[PDB]
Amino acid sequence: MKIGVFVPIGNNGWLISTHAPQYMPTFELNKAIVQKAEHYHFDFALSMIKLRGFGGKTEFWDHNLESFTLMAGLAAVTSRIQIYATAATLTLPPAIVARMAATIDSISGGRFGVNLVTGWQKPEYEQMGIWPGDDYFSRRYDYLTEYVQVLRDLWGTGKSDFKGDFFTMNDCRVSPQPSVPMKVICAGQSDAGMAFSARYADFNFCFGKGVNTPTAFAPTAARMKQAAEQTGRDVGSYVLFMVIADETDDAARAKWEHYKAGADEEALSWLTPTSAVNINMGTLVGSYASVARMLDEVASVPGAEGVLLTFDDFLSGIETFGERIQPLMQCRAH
């Protein structure tokens, strides 16, 4: 099974809590995180893009770096880990994404890929006057279909004459083309989203589910595998979990409870047994060996090819993962 790190490009990472570690996302922190992940043979690092926050006491995701320039800087200080940036497709023309991807292909020596998202959060786009309207919910995947067709032409041949409802290319040129076949990843959960991924993505990100119910997402991965049969392409699922690990199960549970006890309800109001403290994320809470075991269970779910991990504390969570959890995982014996 592959393991990636979801890098905190947003302040406080994925915990919405006065008792959680408090930190701004800086280049240097993301650098320390990704270089530590790489030291422990993490397979990839991904940042999201988040153009508007949720406020409250912790000003949750009010402070966010931009994904392509962050990952270009991280590519320059790494040498093995795969690097993925997220394009919010409403905000960047496809030929710019195509040339940015070529550029980070160059920085990284072929280690770069792109996570394509339609955008769902209307205010992220409305705030800058670029929301298409409420037709967009229904048409997101049509737009994204034309978008990726333009990227495919440009990465494949260096040119595109594509013409659709949303784009008009007139002998559009992008060169250099990527040194390696450019990976596209998607995080579709809907039927349309999974059918998008089945056609154009290398893999699909889905949400892990429950607290300490590691195989609860299985039906989502089942649907994604069914979507992939429709195109004959091999598009596995990567599953997002938060790991809250410690020396014993009791100690990890005490941390989790402590985090939930500091919940920042004001920030939580703007947004809207799993907790909203981490956006109801799939959470694995346990001793190092309990977490290793639960992650081994994820690896056995049909369709599951990797996990994307957040931590309560990235610097020491990556360290304990690599020192205490990973060496116990069957799916990492390679």
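One-based numbering along the sequence shown.
- The entry shows a gap from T272 to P273, with 10 or more unmodelled residues of the deposited sequence in between.
- In this entry, the higher average B-factor at the C-alpha atoms falls on 216-224, of the pair 104-112 and 216-224.
- For the two regions 205-213 and 130-138, the entry's Cα B-factors average higher over 130-138.
- Considering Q230, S197, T78, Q121 together, the PDB entry gives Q121 the largest C-alpha B factor.
- Across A32, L46, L268, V307, the greatest Cα temperature factor reported in the deposited entry is at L268.
- Among all modelled residues in this chain, the alpha-carbon of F167 has a temperature factor (C-alpha) in the highest third.
- Sorting the modelled residues of the chain by their CA temperature factor places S190 in the highest third.
- In the PDB entry, a CA B factor belonging to the highest third of its chain's modelled residues is recorded for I279.
- Among all modelled residues in this chain, the alpha-carbon of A333 has a temperature factor (C-alpha) in the highest third.
- Per-chain ranking of the deposited C-alpha B factor places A20 in the highest third.
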